[PDB]
């Protein structure tokens, strides 16, 4: 008597469990138990992961349904799970997506200036430095304040919500609601603030008073701010942190990218491909009986799309664990998802990582871990895998 295989497998973000490949080979769709006690189907091949993400009958929205089998507890109101649908329904999708590209004048220069300041401060203070708490996350937080059009000084408090907001918990989290409600009131005030005229919130603030959006709720406008700040900051800060580990562990690659920084975009795409920051499969609920591989998934069942399942699939990415800058299919990974809910911040995510890495390699060409890799403390029961601190020297 063993128990049903539990997910997630490991909170360690520096290496993929040997188990994933064994599972992909033996049973690329298989039954697992989540932290709530619910059963789910874990999908781990590139082929099946793509099938599920490209079939909307595997629904994101319906994961929020009362009584559904759950990966984890909601940390937002249930309607907010369909945030992107809600945005599209309100006629705001084009405007939202336009505000969060890396293309606004001054944005990239702001990113570089900010990275360089953070780095200069670390160099002035002397090794060891914490690249997560004192570089990657602050860079993410600064970026998103700028992208939203909100004061830099407001970023830290919003950031402080995230260690709870992105928990992956069996049970509802009282602190999540306290912080959610507070952050919503914050964004509501931002929309009322005549001095906020730039970024996403500046644009939302104008659309809010345009007749074509008079019946769009103030709740939805505030929700867009909280949701995009949170997803953006947690996703970019965590990706960059774990990408830095991948790089640091590859001195040859570090030197190549330092010597030839025009390769940094190709480097970042591979670092995205091999990234283990998403802690759990992407959840979807079946709205029909659907054949996936050898399993007939039944209506009402939960499906988890394991991104590293797809991204380390040797059928699609030969020598999957190696960073190779000359692959013929380099953006075909699932780091940003696929299909209806493909990441709307993908360009911005790329640029944050590319600029952060460029700046780091320039300032700290000798960057290395200052502790044995095993000494990193991996955050548990969270929607990302991240080291609590990332101590480096240079």
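Residue numbers count along the first chain shown, from 1.
Legend: mean Cα B-factor per stretch from the PDB entry, 206-214 versus 99-107; the higher mean is in 99-107.
Higher mean CA B-factor, judged across 368-376 and 18-26 from the recorded values: 18-26. Within the selection 152, 163, 169, 179, the deposited Cα B-factor values reach their highest point at 152. The maximum CA B-factor among the listed residues 241, 72, 311, 121, taken from the PDB record, is found at 121. Per-chain ranking of the deposited C-alpha B factor places residue 259 in the highest third.
Among all modelled residues in its chain, residue 47 ranks in the lowest third by Cα B-factor. Ranked within its chain, residue 301 lands in the lowest third, by CA B factor from the PDB record.
In this PDB entry, the Cα temperature factor of residue 4 sits in the top third of its chain's modelled residues, the highest group. Compared with the other modelled residues of the chain, the Cα B-factor recorded for residue 142 ranks in the middle third.
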